[PDB]
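In: Based on what follows, work out the 3D shape:
(chains A, B and C)
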Amino acid sequence: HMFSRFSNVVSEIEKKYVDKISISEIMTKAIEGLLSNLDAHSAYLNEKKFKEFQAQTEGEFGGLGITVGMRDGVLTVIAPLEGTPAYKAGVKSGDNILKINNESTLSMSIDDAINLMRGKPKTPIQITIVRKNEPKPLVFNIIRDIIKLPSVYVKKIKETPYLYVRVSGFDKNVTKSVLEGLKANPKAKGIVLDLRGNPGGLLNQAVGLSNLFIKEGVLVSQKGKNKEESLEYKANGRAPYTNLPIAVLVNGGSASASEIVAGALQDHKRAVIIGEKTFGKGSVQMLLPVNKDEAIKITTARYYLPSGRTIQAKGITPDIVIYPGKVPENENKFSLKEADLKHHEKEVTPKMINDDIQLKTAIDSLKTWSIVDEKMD
Amino acid sequence: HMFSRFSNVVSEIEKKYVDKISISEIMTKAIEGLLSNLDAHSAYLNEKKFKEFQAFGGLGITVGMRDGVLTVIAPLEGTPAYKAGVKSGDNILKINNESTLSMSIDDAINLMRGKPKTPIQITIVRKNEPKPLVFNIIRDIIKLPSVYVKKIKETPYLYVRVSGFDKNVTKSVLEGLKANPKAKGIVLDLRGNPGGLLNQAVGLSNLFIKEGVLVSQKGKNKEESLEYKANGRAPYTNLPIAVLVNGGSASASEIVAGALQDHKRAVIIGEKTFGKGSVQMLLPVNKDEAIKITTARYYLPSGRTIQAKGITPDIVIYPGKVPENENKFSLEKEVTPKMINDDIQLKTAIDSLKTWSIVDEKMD
Amino acid sequence: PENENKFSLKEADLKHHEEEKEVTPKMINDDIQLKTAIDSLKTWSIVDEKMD
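Out: Numbers count the residues shown, from 1 in each chain, chains lettered A, B, ... in the order given. Next up is the structure itself:
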């Protein structure tokens, strides 16, 4: 029997125990061992965990509101959601959240961390971050105050028609919000999507946002392994803005939907991705009830871009790659003109364009598009 | 039957997972998860690992790998590496195109210990000359300094450093102590020395303690649980002792320290110990497989377990960045004042040894 | 600008195992303006490919 080896091993444990626990525990620690040893994101749900995760839902218990993911085995936060207390703190993407509540988080299921972040909004919680930049495993606490914020908002640009449009999380009406904002400024001839630092969102909104700017459309493919269950998304015919120049921004703090929409455009040559590589959260997971009063959480399909590639590990490699930094400024005043010369708040300001270079190069890449468009009359 | 849960789960992991794995690799991925999740030290050994473990001195150069570069800290005198004069920074560039410098695992694990008779011409390069070189380095089985007696500068105390509890530490200690037998003090150095044969630790303990129980290995089984009790032939029942422990001391090195402390037969000087109080015997389960599992725990004569709890030294003290050496004092064959002053742990060991001598006199 | 914590090479003189014949990134990174020009050319190429 191919199945024999497991029962043979467990039988040995029964007689050469060092603890005192029945076969129930050996089975429980066997299954939970398998899931964590198969893929990073999976986890087990016993009767209690399944019961307390099946139905509970409320806005208050959202908690810090940050998002978490697995890098290579060491847990790391992917990006703090803009405006949350963690965002206002020193939390930054790419760091390893070693412990929560002074509890060793190493080799612990990610869904447990997600549950731990949940709690009453007015409750302090400590975290032992680890920043590769520094040699000290810094520690800091912050209250669980939950903030709900539609990150969608259209800000004009002072001296250009181009529209700044930040999407830092796909809520239920991100598509409607962006459509209304863009419609409010018909005169504009440019969009610079700042998907930077956007941990992710729900696919039924990223697909709509991508459909907004594409006519024919083969957006994403949630394939999996069952050929009969493979799903392919296609953008409908309508495309209100199928000609506006675009320039997307992406950094390591954006994954899942934030590289579903960015990746989709890059493959349709419908925009130029600017910034640096993304995290690469390219898998989906569902909660499958397995046995009586229990369930598991296992990846079921990987996201496929139009060109057939996968976001699981490679991420998105932006066409124009530039790391954040302050824009160089003029320093010298040359003698351009001499004696005997001949004669004859609520908007994005040049200061906020200057302090950061990634937004200065995204607007520049819109100017070249305008020039090329004018060359065709 | 009771195997319903795993059988029901393995079906879902077979139909819904995205990579379409087989029922064999999943099972190899299941029991592997069980042991790793059972106890921290447990591990699964397949047939390949079985033959590897079944079938011994290392090259001896301390591969610190500091800042990625394989920087040698100190070679071992027993190996020809010391004879050649391997200097700090010497690098093993590559064995066979694997770029060992990126991560040195395979070389040390299975080329230095396994088959020591390998032709040693492994891209001999130096810090000052990256190009390949020839230094006529030879490799073979290497003796280790499991016992190292350096005596002391001017006092009747014998510095005894044991780096590993191998089967011959007891006889070497006997010979060393019998050398300069007139000395009336001993300083054990267990700093490091992760462990060794339990029988050897019991022998070293019997070398001092007279009649009490040294170590107990009850574990769980009502049978087995064999006790070890001292014997009346303890040669030195009154010679002062002062053992030095550290975070790097565990297993054998912490059951000797624990036994002496519980009998009040020595002074434990140092810091908290690791706590490697567990015995793990490989157990074949199939024709070509075996599993390593915790089998028994070590309880001390007082009864306290050697868990991660470890041992709390009597005189807590740290190695010391700045010993008492430069605080405005003015107005090679043995242990001279130099290395005594280099670290404060040995200084405190010798100091605590002296008080014992004085107390011996007040009562004699 | 660049962000890095440890040398990309193990050492400046180790692990590395006609210059005018073509530009190389080491000289591009010295002059931000040439980098911006290459970025503008890349945007032009992407825009031109959008007309297929």
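
In: ok, how many other residues are close to the closest residue to chain B within chain C?
Out: Nearest residue of chain C to chain B: residue C:10, at 5.0 Å (CB to the nearest CB). Where you see a C-beta, it was placed from the backbone N, CA and C, and this is true even at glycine. The number of residues packed near residue C:10 is 17, by other CB atoms under 10 Å in any protein chain shown.

In: Check residue C:1 too.
Out: Residue C:1 has 13 neighbouring residues, counting by other CB under 10 Å.

In: That one belongs to a helix?
Out: No: according to DSSP: H, G, I helix; E, B strand; the rest coil, residue C:1 belongs to no helix; its state is coil.

In: Please identify the nearest residue in space to it, excluding sequence neighbours.
Out: By the measure of CB to CB, 6 or more residues apart in numbering or on different chains, the closest residue to residue C:1 outside its immediate chain neighbours is residue A:325, 3.1 Å from it.

In: Now for residue 5: which residues touch it?
Out: I went with chain A, as the question did not name one. B:27, B:31, B:285-286, B:289 (CB atoms under 8 Å, 6 or more residues apart in numbering or on different chains).

In: Wait, chain C was what I had in mind.
Out: Contacts for residue C:5 (CB under 8 Å, 6+ apart) come out as A:132-133.

In: a strand runs through it, doesn't it?
Out: No: note on residue C:5: no strand contains this position according to three-state DSSP, which reports coil.

In: I'd like to know how far it sits from residue A:134.
Out: Using CB to CB, to the nearest Å, we find residue C:5 at a distance of 10 Å from residue A:134.

In: so residue A:35 touches residue A:290, yeah?
Out: No: contact status for residue A:35 versus residue A:290: not in contact, 10.8 Å apart, counting by CB atoms under 8 Å.

In: Could you name every residue contacting both of the two?
Out: Taking CB under 8 Å, 6+ apart as the contact definition, residue A:35 and residue A:290 share the neighbouring residues residue A:296.

In: Count the neighbours of residue A:198 for me.
Out: Other residues lying near residue A:198 total 32 when counted by other CB under 10 Å.

In: That one and residue C:28, how far apart?
Out: Using CB to CB, which is the criterion applied here, residue A:198 is 30 Å from residue C:28.

In: Tell me the residues of the stretch 251-377 of chain A that contact chain C?
Out: Selection of the stretch 251-377 of chain A residues close to chain C by CB under 8 Å from any CB of the partner chain yields A:269-270, A:272, A:319-320, A:322-325, A:328, A:357, A:361, A:364-365, A:368-369, A:372-373.

In: Point me to the residue of the stretch 1-150 of chain A nearest chain B.
Out: With distances taken as CB to the nearest CB, the stretch 1-150 of chain A approaches chain B most closely at residue A:33, which sits 2.3 Å away.

In: Quick check: closest non-adjacent residue to that residue.
Out: Ranked by CB to CB, 6+ apart and with sequence neighbours excluded, the top spatial neighbour of residue A:33 is residue B:33, at 2.3 Å.

In: And the next helix or strand past the helix or strand containing that neighbour?
Out: Taking DSSP states H and E as the criterion, the element that holds residue B:33 is helix B:23-38. With elements assigned by DSSP H and E, the helix or strand that comes after helix B:23-38 is strand B:43-45.

In: That next one pairs with which strands, and in what direction?
Out: On the basis of DSSP bridges, the sheet neighbours of strand B:43-45 come out as strand B:289-297 (antiparallel).

In: ok and the partner strand relative to helix B:23-38, angle-wise?
Out: Using axes from the mean of the first three to the mean of the last three CA atoms, to 10 degrees, the interaxial angle of strand B:289-297 with respect to helix B:23-38 works out to 10 degrees.

In: chain center to strand B:289-297: distance?
Out: Using CA atoms, centre = their mean, to the nearest Å, we find the averaged C-alpha position of strand B:289-297 to lie 20 Å away from the chain's own average C-alpha position.

In: Please identify the pairing partners of the helix or strand that comes right after it and their relative orientation?
Out: For strand B:289-297, the following helix or strand on the C-terminal side (DSSP H and E) is strand B:315-316. Each strand pairing with strand B:315-316, determined using DSSP bridges, is listed with its direction: strand B:267-270 (parallel).

In: Compute the inter-axis angle for the next helix or strand after the strand it pairs with and helix B:23-38.
Out: Scanning forward in sequence from strand B:267-270, with DSSP H and E defining helices and strands, the next element found is strand B:278-286. Regarding strand B:278-286 and helix B:23-38, their directions subtend 160 degrees when assessed with the same axes, to 10 degrees.

In: Can you show me the CA trace of strand B:278-286 as PDB?
Out: Extracted C-alpha coordinates of strand B:278-286, given in PDB (Å, rounded to 0.1, in the frame of the first residue of the first chain):
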ATOM      1  CA  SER B 278      17.400  15.600  24.900                       C
ATOM      2  CA  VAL B 279      18.600  12.300  23.400                       C
ATOM      3  CA  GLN B 280      17.500  11.400  19.900                       C
ATOM      4  CA  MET B 281      18.200   8.000  18.500                       C
ATOM      5  CA  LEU B 282      17.700   7.200  14.800                       C
ATOM      6  CA  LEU B 283      15.000   4.600  14.200                       C
ATOM      7  CA  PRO B 284      14.500   2.700  10.900                       C
ATOM      8  CA  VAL B 285      10.800   2.600  10.000                       C
ATOM      9  CA  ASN B 286      11.000   1.000   6.500                       C
END
